[PDB]
There are 2 protein chains.
Amino acid sequence: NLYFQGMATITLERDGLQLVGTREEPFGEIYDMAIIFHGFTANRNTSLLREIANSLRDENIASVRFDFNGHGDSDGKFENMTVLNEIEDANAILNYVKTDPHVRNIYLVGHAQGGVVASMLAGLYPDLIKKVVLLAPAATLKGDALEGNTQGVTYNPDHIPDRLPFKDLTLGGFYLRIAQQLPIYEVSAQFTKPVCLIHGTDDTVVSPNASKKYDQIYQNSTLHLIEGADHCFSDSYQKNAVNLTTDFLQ
Amino acid sequence: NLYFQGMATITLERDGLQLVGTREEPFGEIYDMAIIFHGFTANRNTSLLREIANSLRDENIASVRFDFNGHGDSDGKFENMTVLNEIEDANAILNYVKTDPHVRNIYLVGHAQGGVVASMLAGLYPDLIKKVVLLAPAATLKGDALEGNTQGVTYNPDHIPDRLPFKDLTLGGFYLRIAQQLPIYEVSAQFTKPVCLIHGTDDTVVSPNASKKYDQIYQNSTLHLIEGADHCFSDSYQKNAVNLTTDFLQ
Ligand SMILES: CCOC(=O)/C=C/c1ccc(O)c(OC)c1
Ligand SMILES: CCOC(=O)/C=C/c1ccc(O)c(OC)c1
Ligand SMILES: [Cl-]
Ligand SMILES: [Cl-]
Ligand SMILES: [Cl-]
Ligand SMILES: [Cl-]
Ligand SMILES: [Cl-]
Ligand SMILES: [Cl-]
Ligand SMILES: [Cl-]
Ligand SMILES: [Cl-]
Ligand SMILES: [Cl-]
Ligand SMILES: [Cl-]
Ligand SMILES: [Cl-]
Ligand SMILES: [Cl-]
Ligand SMILES: [Cl-]
Ligand SMILES: [Cl-]
Ligand SMILES: [Cl-]
Ligand SMILES: [Cl-]
Ligand SMILES: [Cl-]
Ligand SMILES: [Cl-]
Ligand SMILES: [Cl-]
Ligand SMILES: [Cl-]
Ligand SMILES: [Cl-]
Ligand SMILES: [Cl-]
Ligand SMILES: [Cl-]
Ligand SMILES: [Cl-]
Ligand SMILES: [Cl-]
Ligand SMILES: [Cl-]
Ligand SMILES: [Cl-]
Ligand SMILES: [Cl-]
Ligand SMILES: [Cl-]
Ligand SMILES: [Cl-]
Ligand SMILES: [Cl-]
Ligand SMILES: [Cl-]
Ligand SMILES: [Cl-]
Ligand SMILES: [Cl-]
Ligand SMILES: [Cl-]
Ligand SMILES: [Cl-]
Ligand SMILES: [Cl-]
Ligand code: NA
Ligand code: NA
Ligand code: NA
Ligand code: NA
Ligand code: NA
Ligand code: NA
Ligand code: NA
Ligand code: NA
Ligand code: NA
Ligand code: NA
Ligand code: NA
Ligand code: NA
Ligand code: NA
Ligand code: NA
Ligand code: NA
Ligand code: NA
Ligand code: NA
Ligand code: NA
Ligand code: NA
Ligand code: NA
Ligand code: NA
Ligand code: NA
Ligand code: NA
Ligand code: NA
Ligand code: NA
Ligand code: NA
Ligand code: NA
Ligand code: NA
Ligand code: NA
Ligand code: NA
Ligand code: NA
Ligand code: NA
Ligand code: NA
Ligand code: NA
Ligand code: NA
Ligand code: NA
Ligand code: NA
Ligand code: NA
Ligand code: NA
Ligand code: NA
Ligand code: NA
Ligand code: NA
Ligand code: NA
Ligand code: NA
Ligand code: NA
Ligand code: NA
Ligand code: NA
Ligand code: NA
Ligand code: NA
Ligand code: NA
Ligand code: NA
Ligand code: NA
Ligand code: NA
Ligand code: NA
Ligand code: NA
Ligand code: NA
Ligand code: NA
Ligand code: NA
Ligand code: NA
Ligand code: NA
Ligand code: NA
Ligand code: NA
Ligand code: NA
Ligand code: NA
Ligand code: NA
Ligand code: NA
Ligand code: NA
Ligand code: NA
Ligand code: NA
Ligand code: NA
Ligand code: NA
Ligand code: NA
Ligand code: NA
Ligand code: NA
Ligand code: NA
Ligand code: NA
Ligand code: NA
Ligand code: NA
Ligand code: NA
Ligand code: NA
Ligand code: NA
Ligand code: NA
Ligand code: NA
Ligand code: NA
């Protein structure tokens, strides 16, 4: 605001869970604000999300970025997270943002699974959200769950197990049962305001076809395929994601 | 079981919320079990649900019935309940039931909004649930939310308010935004095992057309229209609901 600029820690609650977040506060009495959503197994402080927040703050766009339930510093077991309860987390964060008297326009920025959360939340609040940026939005998590193959971990899609060992973690069977029937595009398509879609051509985690499909469903979208970029826009690809996001929101 | 028959209190947790429930335990080493779901603003102990549980227990069918979040003895604010987080409550109760070593078949019985919870949960677990009974399933809550008229309380469906005073309570705007885009029939229709639909012809809360539509979408359903019955199968209508439910599950 006019008096404080910088980082602050924010905590919110959703159901019985504390959600821990970082606010970047820019200069100015009134400013726009982006809510930034991390991906599956990630956290609010990956290099990509910090550099997005930093870049927006440099153009006097505020941001908040929270750890989802089951991730980072927020409460809850990873095994109990689903895309649906992350959308509930997102709604709780939006409640916080939308009542801040400094905030003019609200934007959503989501990476990967956080892009599915962002796109679905904007479709539930198409009257309130003003712009959306999706970075490698993981809408393919649905098709993967229907196929019975989630990032190389295979199971019966017709009879999903109670829980699925997944790397060092345990993924809930309910995550997968929800994933299979998530109306990702149906809900997302209700947002008719501007959307920026950014996807790396060498993403091996989420096919760029996800973003090509969002670009088809959305009334007002712009698609950016980043030649050679991977799923996280790592290293020399990162500024492609940061620049496009910043430019779109200013 | 062979040694204890009667009532017990059960508590489960979902996210950070305690859910309080009543188990009716029948005689027998192995038995089927019904999970019974109450409606909007109701609780696990309405006369209808107690008499269902009692009648099933008399045919040695066990049951559990929990207060949803925001209701009865369970945790959470009513203002923060949605149909979606009740489905999350239902999944937590199913986790409990499906790991009980006495339970043979699992049935779902849901009244009104609890019927939407039941029908959607069965569509997420069509491999596990064996039979469903819906009593006046409130699938019209979706159409009502799209219309902007929820049990006589009117609002703009295009711009749902943050919260909606509703009788002595406060209904969350997010309940309504979720309601509008709930894929009730899409998810429910995935359950192809037997369903019993029971609806009163004089229900003024949820049109009998809801049950007529479920009867169309389901592969294996039986529809019972109870001439003169109201929304709760009150008083002299109650045994119609209790008898049909019991008969169907035995
Ligand atoms: C951390 C950033 O990346 C992620 O969010 C990717 C998520 C996503 C991809 C495909 C899947 O089948 C899936 O199922 C769990 C998840
Ligand atoms: C207690 C048993 O009855 C209920 O569950 C009925 C619920 C239902 C009916 C129509 C609605 O528009 C609605 O929106 C909140 C809720
Ligand atoms: Cl100020
Ligand atoms: Cl000043
Ligand atoms: Cl700082
Ligand atoms: Cl705080
Ligand atoms: Cl606490
Ligand atoms: Cl400005
Ligand atoms: Cl930094
Ligand atoms: Cl840092
Ligand atoms: Cl972490
Ligand atoms: Cl945690
Ligand atoms: Cl697709
Ligand atoms: Cl299994
Ligand atoms: Cl949904
Ligand atoms: Cl689809
Ligand atoms: Cl469709
Ligand atoms: Cl969207
Ligand atoms: Cl490509
Ligand atoms: Cl990853
Ligand atoms: Cl960068
Ligand atoms: Cl026993
Ligand atoms: Cl004995
Ligand atoms: Cl007793
Ligand atoms: Cl207990
Ligand atoms: Cl507690
Ligand atoms: Cl038996
Ligand atoms: Cl009693
Ligand atoms: Cl009693
Ligand atoms: Cl009560
Ligand atoms: Cl309560
Ligand atoms: Cl309908
Ligand atoms: Cl309003
Ligand atoms: Cl419909
Ligand atoms: Cl459809
Ligand atoms: Cl169903
Ligand atoms: Cl009728
Ligand atoms: Cl009522
Ligand atoms: Cl009775
Ligand atoms: Na500072
Ligand atoms: Na800070
Ligand atoms: Na603090
Ligand atoms: Na709370
Ligand atoms: Na808390
Ligand atoms: Na600043
Ligand atoms: Na200013
Ligand atoms: Na990440
Ligand atoms: Na972790
Ligand atoms: Na933690
Ligand atoms: Na925490
Ligand atoms: Na969790
Ligand atoms: Na925890
Ligand atoms: Na866990
Ligand atoms: Na403006
Ligand atoms: Na797909
Ligand atoms: Na899909
Ligand atoms: Na399929
Ligand atoms: Na498979
Ligand atoms: Na992968
Ligand atoms: Na595997
Ligand atoms: Na399954
Ligand atoms: Na497993
Ligand atoms: Na399915
Ligand atoms: Na669906
Ligand atoms: Na769903
Ligand atoms: Na979809
Ligand atoms: Na753009
Ligand atoms: Na990659
Ligand atoms: Na893949
Ligand atoms: Na395209
Ligand atoms: Na293209
Ligand atoms: Na488009
Ligand atoms: Na344009
Ligand atoms: Na393009
Ligand atoms: Na294009
Ligand atoms: Na372009
Ligand atoms: Na490029
Ligand atoms: Na490359
Ligand atoms: Na690189
Ligand atoms: Na940068
Ligand atoms: Na630069
Ligand atoms: Na007893
Ligand atoms: Na008891
Ligand atoms: Na006890
Ligand atoms: Na828990
Ligand atoms: Na608790
Ligand atoms: Na008994
Ligand atoms: Na026995
Ligand atoms: Na009731
Ligand atoms: Na109450
Ligand atoms: Na209470
Ligand atoms: Na409680
Ligand atoms: Na609640
Ligand atoms: Na409480
Ligand atoms: Na309340
Ligand atoms: Na059997
Ligand atoms: Na309707
Ligand atoms: Na409908
Ligand atoms: Na409509
Ligand atoms: Na209206
Ligand atoms: Na009414
Ligand atoms: Na009114
Ligand atoms: Na609305
Ligand atoms: Na209001
Ligand atoms: Na809509
Ligand atoms: Na939908
Ligand atoms: Na939804
Ligand atoms: Na529907
Ligand atoms: Na029947
Ligand atoms: Na009635
Ligand atoms: Na009505
Ligand atoms: Na019919
Ligand atoms: Na009929
Ligand atoms: Na049928
Ligand atoms: Na038959
Ligand atoms: Na009939
Ligand atoms: Na019929
Ligand atoms: Na009949
Ligand atoms: Na009748
Ligand atoms: Na009557
Ligand atoms: Na009567
Ligand atoms: Na009776
Ligand atoms: Na009798």
Side-chain angles (χ1 to χ4, degrees), chain A residues 14-19 69-70 74-77 79-92 94-95 98-99 120-128 145-146 156-163 172-191, chain B residues 14-19 69-70 74-77 79-92 94-95 98-99 120-128 145-146 156-163 172-191:
Chain A
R14 192 270 299 163
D15 292 335
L17 300 180
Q18 169 172 91
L19 301 175
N69 79 88
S74 285
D75 281 350
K77 290 190 138 196
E79 185 181 346
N80 292 330
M81 172 277 312
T82 70
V83 166
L84 153 73
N85 61 38
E86 290 194 347
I87 289 167
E88 304 174 328
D89 296 339
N91 178 64
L94 184 56
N95 283 167
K98 75 187 179 187
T99 57
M120 288 186 84
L121 186 66
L124 298 164
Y125 288 92
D127 52 318
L128 175 63
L146 284 167
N156 182 352
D158 300 327
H159 177 56
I160 285 168
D162 291 349
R163 64 186 60 74
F174 198 49
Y175 173 105
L176 294 171
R177 290 174 177 267
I178 289 293
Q180 285 186 337
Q181 299 190 60
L182 279 161
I184 302 185
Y185 297 119
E186 293 78 349
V187 169
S188 299
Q190 308 317 303
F191 184 76
Chain B
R14 192 270 299 163
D15 292 335
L17 300 180
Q18 169 172 91
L19 301 175
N69 79 88
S74 285
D75 281 350
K77 290 190 138 196
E79 185 181 346
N80 292 330
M81 172 277 312
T82 70
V83 166
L84 153 73
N85 61 38
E86 290 194 347
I87 289 167
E88 304 174 328
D89 296 339
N91 178 64
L94 184 56
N95 283 167
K98 75 187 179 187
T99 57
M120 288 186 84
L121 186 66
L124 298 164
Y125 288 92
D127 52 318
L128 175 63
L146 284 167
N156 182 352
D158 300 327
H159 177 56
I160 285 168
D162 291 349
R163 64 186 60 74
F174 198 49
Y175 173 105
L176 294 171
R177 290 174 177 267
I178 289 293
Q180 285 186 337
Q181 299 190 60
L182 279 161
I184 302 185
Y185 297 119
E186 293 78 349
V187 169
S188 299
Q190 308 317 303
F191 184 76

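Here is the naming used below: chain letters follow the sequence lines, and residue numbers restart at 1 for every chain.
Heavy atoms of B:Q190 lying under 4.5 Å from chain A belong exclusively to its side chain.
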For this session: Test salt bridge (charged side-chain N to carboxylate O under 4.0 Å, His left out) on A:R14 and A:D75 and set out the steps.
Result: CA-CA 10 Å; A:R14 192 270 299 163; A:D75 281 350; over 6 Å; no
For this session: Could you please spell out the steps behind the salt bridge (charged side-chain N to carboxylate O under 4.0 Å, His left out) verdict for B:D127 and A:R177?
Result: CA-CA 11 Å; B:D127 52 318; A:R177 290 174 177 267; 2.9 Å; yes
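The side-chain hydrogen bond (donor to acceptor under 3.5 Å, both in side chains) check on B:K98 picks up A:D162, with sequence neighbours excluded. Residues meeting the side-chain hydrogen bond (donor to acceptor under 3.5 Å, both in side chains) test with B:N85, sequence neighbours left out: B:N69.
Interface summary for chain A: among B:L84, B:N95, B:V187, the most heavy-atom pairs under 4.5 angstrom belong to B:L84. When B:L128, B:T99, B:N91, B:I160 are compared by the number of non-hydrogen pairs under 4.5 Å with chain A, B:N91 comes out ahead.
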